[PDB]
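One structure is given here, and the rest of the page talks about it.
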Amino acid sequence: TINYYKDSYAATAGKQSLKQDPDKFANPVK
Amino acid sequence: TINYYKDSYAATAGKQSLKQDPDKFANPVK
Amino acid sequence: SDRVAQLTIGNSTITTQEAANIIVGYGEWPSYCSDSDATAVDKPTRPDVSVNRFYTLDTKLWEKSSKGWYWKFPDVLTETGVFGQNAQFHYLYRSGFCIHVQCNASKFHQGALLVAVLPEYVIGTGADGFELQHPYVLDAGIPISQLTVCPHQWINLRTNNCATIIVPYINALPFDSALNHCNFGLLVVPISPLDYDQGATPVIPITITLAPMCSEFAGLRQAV
Amino acid sequence: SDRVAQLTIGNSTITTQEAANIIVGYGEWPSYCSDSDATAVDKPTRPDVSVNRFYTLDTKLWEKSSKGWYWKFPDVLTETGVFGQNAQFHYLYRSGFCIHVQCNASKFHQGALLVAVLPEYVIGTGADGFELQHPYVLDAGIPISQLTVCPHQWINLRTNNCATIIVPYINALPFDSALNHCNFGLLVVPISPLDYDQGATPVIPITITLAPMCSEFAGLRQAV
Amino acid sequence: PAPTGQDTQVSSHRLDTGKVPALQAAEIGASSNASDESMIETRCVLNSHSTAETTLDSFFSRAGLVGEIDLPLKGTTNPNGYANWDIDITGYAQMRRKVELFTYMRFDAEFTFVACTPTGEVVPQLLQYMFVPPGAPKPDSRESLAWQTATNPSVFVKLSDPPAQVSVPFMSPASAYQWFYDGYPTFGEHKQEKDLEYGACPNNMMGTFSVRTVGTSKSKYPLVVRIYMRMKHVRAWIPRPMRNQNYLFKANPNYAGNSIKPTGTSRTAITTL
Amino acid sequence: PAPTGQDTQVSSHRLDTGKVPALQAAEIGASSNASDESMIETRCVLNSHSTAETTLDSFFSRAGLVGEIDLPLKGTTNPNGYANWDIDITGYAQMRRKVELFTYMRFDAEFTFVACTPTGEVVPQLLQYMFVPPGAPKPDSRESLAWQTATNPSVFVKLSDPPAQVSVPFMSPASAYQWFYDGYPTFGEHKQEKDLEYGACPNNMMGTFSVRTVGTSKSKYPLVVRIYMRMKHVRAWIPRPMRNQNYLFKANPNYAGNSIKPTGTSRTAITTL
Amino acid sequence: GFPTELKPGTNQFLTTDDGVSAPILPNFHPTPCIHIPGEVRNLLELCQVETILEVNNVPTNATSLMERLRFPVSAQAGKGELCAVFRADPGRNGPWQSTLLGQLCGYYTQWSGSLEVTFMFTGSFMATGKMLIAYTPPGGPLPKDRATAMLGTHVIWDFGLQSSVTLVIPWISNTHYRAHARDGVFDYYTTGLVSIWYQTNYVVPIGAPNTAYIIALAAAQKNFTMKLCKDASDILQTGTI
Ligand SMILES: CCCCCCCCCCCCC/C=C\[C@H](O)[C@H](N)CO
Ligand SMILES: CCCCCCCCCCCCC/C=C\[C@H](O)[C@H](N)CO
């Protein structure tokens, strides 16, 4: 993220973290 | 504070310091 | 081993000899509100055994030309039991839910049901439930073929006769009112129509049973 | 120091600036049923904050020719609040009680009251209380002069204006029904009649406030 | 972690009784688990395809039209050189269908305003965009006293300059925005009138947008303003089935009941393509 | 320190005589000290709400209108292409009510001047803003010799360019500005004429603002200039009750005596909402 | 001051740009975020959830719009009759348009990976039979009989206690990615065909129904990926809203 002001919500989107949890919706079986 | 000139009064507002003294006005009892 | 099942909570028990395992909604068991999530300043009440038990709501019949039914939560229980009394005597409410749907037939019947839970079911244009008018678009302009993305189970008359869903508290606020907001709605739609030949029993009732889990109340006032 | 007092429990608070200390009935604070005393097999419910709070019942007037009044416990609260709802939804009940009597007048009035608690008050021949017909014999064939052997306090208009009594659970059974048995009865009798000269305020109301402590319920069924 | 797609391992034929990957029981409610290397004979493939374009930020951080304001010279809408526009996203289908896939979202925003004449020509003119939070005094004319913007944020810009843009934080009292609200906002009796407030969530009403041409007398050009919105730092919860039928009203799932249409296309017979 | 709001600790019921948090004596003149955890039964809440938006800098560092200058072609105010404006803040209600909450302030400033035609159109024209400290020669015409700005600061700018802005220091002889001055500025006898100087503080008269269109002959467009002010590095002392009635005159607490109005709204009965 | 130069790219508003902008509210802190169950971190997480497929998309009228979710099965003369066919192209308009995978794929130009279609039998308990499901790779036309369809990859499905079988469509292609297929030139990316054939019969004793139905659910495998985001081809409005 690149920022030029004093507020964190004025920065760029940046690069997220590649994580997946496909079992939350596909395999919710106890 | 960010400044680009030789005078301190031309800078930005910046971030203050969070301090409170509520007892000055609410509890002035000796 | 996942063919017989017994679920007990409070002072009620449910048994079934043809089950289809248990679906936990979004892979999270219900829990209480943590000290960091809370916003109220008054200590809440947790009646525990007196409001966490199985309730039987009503019976609906399955016909060869039925459309489907849906219910709303927790609107059904506001006039039933100690859970109803506490709901109208308090302003803030939170709880989980365990829902059990029963429908049994013989070996010579056929048909299939779609049991699903859809949070925030806004309907476009009580405890007894309503009947859908346009089941293809779920009465809200969305196709039913994509309903499986929600926690769901099937009732195939040749395989099982029951469906179990456990749903935690789903909302953007730690507490909310039980008389003005319905967290989710339960849907039961017949995808494959019922069929049998003359001479078999033509009445195939469907009954709904459910039980709140880990309830909490706050904000005492007069009954409204 | 025992002249100002504040009592708080649940979400209610009571303040008084002219008190007469606090009487603990029989020198025992209320408590819960121990594991050795219990006889039931089902886990009881303890609503805690939702049923342990101060309730105001009704107001009675003090006249120069009054006889006295008495109430019954816990018969008064069976139609009031969450305590009432739980009482009719459960079969077994136990609890303690904290009772506060308020009656204030000016410095030019005079008179005295006798506040006392008498367990198992069988009457010989609701929430609003009754008026005694033969106060000398307590309407049961016993002299009132010996009533002080029971937990009691006085309301002397020149000294204080309130009386506080804390009473634990008194019975021969660990649990009992709240709709068929009255554990004790509260008595308020004017021993020294009220007196004032014309021109002073002639209305001297008396109001009763009380609060259950450490309640417990068991045996859930339909409301009766 | 899942930075790339899964590989494929070498497999051979299997003839044994008791283990059956193929047969399943979909009545349980869980998706399949049989893979390619368990039903056919496969080889070794080293997959290196990136999955970074399907993230929430990669899918929502694109600008879209959400608003339209007209300031005509002769007409009936805004003939006084000022306009008031309540902040809503549900005004246009492309963005609405995208954002309605989920139930709760939490995000910042970047707003860009493009202004020009109805014919597309650019003329020298000055304006003032004013953000009016709920409860603030809303202007009622071109020379209203509320235009002093003593506390409310405001922007002065010209048509000939590049379009102005600002960054916007998350201002909801709740923990996230919700596009569906199954309930009512008041403790009333809900006889008939309250039904017009069905689904009206107070947690989504963020304020009012005000625009005027800086001056005392009437201007000389008709003007149009277009508001574009872009999302960043996006989080989502609880996906729901996508929209099927046409839209009719803002903040309402109403649909045309007499004209109902299937999701896809149709053919003549099931045994023929 | 106070970076966040206070938490709430777990409390239980108390029945004891002698300690009474509830009863108080407001005749002393000090606010209460009883808390939530001392009058009702409370739980444990971990508060993490920030208090950084209520600071003096966070409340005063927002621009506001303070001035207005007209340079018409035909009229009676300034028909010669030059204007003189004494620096005052009390000209407009929104900013005045905000700044009058306190008695003494000490701050820097950032001034922004926006210029355009009365209709809002932007035309190519050149001007000159000149700051005239007290005691300096004030210009009297468009071609005055004092416009050489040999020592006084001055700014040359065009209408088509973005609005000009400058930074301003604290120039008072005193230790802070004061918006109220209970006294007179001269040792005179105060018979009647001096009463027009009641409250006139010489420590607040900072100078004069001068503007003209650079040229020898009359210009071709009417022009309007708007002055916006923003505060930074703000300190305040001795707060006072806020304003109630309407304003009548600059630097005067006068109010309309015949039309006096209550602070808030009114109802019919005290026992009914 | 510092001398600079302007490159020929100034003053343009680019929608997909990532840039910095001036905030409007100085020193603002948002409401804290509580834990809400069911968070999505990638559009691929919910691309692997089975949804109902509309193989029998014949009817169109309002009252029978629900009949598109299943296709019938009954007893025949045991000559290997045909049941139903369709094209296995997720992005192309057709039966796949009714699934969540089909709708999401419309937002992305190119895709790659293996698909998976699951069939469920919803007949009586005493009805038995076997079916053959075949997938013909590109190049071969629609099979004219079972003996011609059995050449491609196929699976034999047996009715019983386990009522569901899954046919996996392996990623067989010449290119690393495929664009969306359509009629005309863009048929170069066609994935193939799917057919369902009777194996022996649909046998049923006396006193039991003669007609049953099958429900098909489709999803994607663990190597499914998409790229090159675009806009959908359908706009759900007919004017001002
Ligand atoms: C220069 C001032 C302009 C800035 C104004 C924009 C700030 C507020 C934008 C709100 C962001 C979108 C969230 C709003 C709520 C929901 O989208 C809709 N009300 C849906 O009901
Ligand atoms: C380019 C030159 C323009 C700069 C002129 C502005 C500089 C002086 C501004 C004064 C700052 C405000 C303080 C002034 C005094 C009080 O506000 C009022 N007189 C109140 O009585």
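Counting neighbours? That spans all protein chains shown, and the Cβs are built from the backbone with ideal geometry, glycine included. FYI, it's all coordinate maths here, none of it is from the lab.
One table, with the values for the structure above:
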item	result
Förster radius 22 Å - calculated FRET efficiency between residue G:128 and residue C:2 (Cβ-Cβ, nearest 0.05)	0.35
Gyration tensor over alpha-carbon atoms, chain D, equivalent ellipsoid semi-axes in Å	32, 19, 16
Sparsely packed GluC sites (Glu not before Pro) within segment D:1-96, loop by DSSP, other Cβ within 10 Å at most 16	D:18, D:28, D:63
Dipole magnitude of chain G about its Cα centre (Cβ charges: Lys, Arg +1; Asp, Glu -1), debye to nearest 20	500
Computed magnitude of the charge dipole of the protein assembly as shown (debye, nearest 20; Cβ of K, R +1, Cβ of D, E -1)	3140
Diffusion constant of chain G at 37 °C, which comes from Stokes-Einstein with the Kirkwood Cα-pair radius and 0.692 mPa s, µm²/s	151
Positive-end residue of G:27, G:3, G:105, charge dipole of segment G:1-154 with Cβ unit charges	G:105
More than 19 angstrom apart: percent of Cα pairs within segment F:118-220	61
Student exercise, segment E:96-235 dipole from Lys, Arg, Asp, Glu Cβ charges, in Debye to nearest 20	420
Percent antiparallel among DSSP beta bridges (both partners in chain D, rounded to 5)	95
Extreme residue, positive dipole direction of chain C, given options C:69, C:125, C:86 (C-beta unit charges)	C:69
Residues residue A:2 and residue G:175, FRET efficiency given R0 of 30 Å [Cβ-Cβ distance, rounded to 0.05]	0.25
Mean residue ellipticity (222 nm) of chain C, computed from DSSP H runs ≥ 4 via -39,500 (n - 2.57), nearest 500	-1000 deg cm²/dmol
Chain E residue with Cβ closest to the axis mapping E onto F, distance in whole Å	E:160, 7
Relative compactness, segment D:10-76, computed as alpha-carbon Rg over 2.2 N^0.38 Å	1.63
FRET efficiency for residue E:249 and residue G:229, using Cβ-Cβ distance with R0 set to 35 Å, rounded to 0.05	0.75
Extended-chain gain in nm, criterion 0.36 nm per residue less alpha-carbon gap, residue D:28 and residue D:110	26.1 nm
Partners for residue D:60 among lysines (Cα-Cα distance below 30 Å; same-chain residues under 8 apart left out)	D:72, D:107
Projected area averaged over orientations for the protein assembly as shown, convex hull of C-alpha atoms, nm²	70.6
Candidate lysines - alpha carbon under 24 Å from residue F:191, same-chain residues fewer than 8 apart omitted	F:250
Fluctuation leader among F:172, F:58, F:32 - chain F, Gaussian network, Cα springs under 10 angstrom	F:32
Alpha carbon Rg of chain F, scaled by the compact-globule rule 2.2 N^0.38 Å	1.43
Options G:93, D:16, C:184, ranked by Cα towards positive dipole end of the protein assembly as shown, top entry (Cβ charges)	G:93
Candidate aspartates and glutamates for bridging to residue F:218, where Cα separation is under 14 Å - those fewer than 8 sequence places away on the same chain excluded	F:143
Label point 7 Å beyond Cα along the C-beta direction, distances from residue E:41 to other copies (nm, shortest first)	7.5
For residue F:183, inter-copy label distances in nm, listed shortest first [label point 7 Å out on the Cα-Cβ vector]	6.2
Pseudo-label separations to other copies for residue F:135 - Cα-to-Cβ vector, 7 Å, nm	4.9
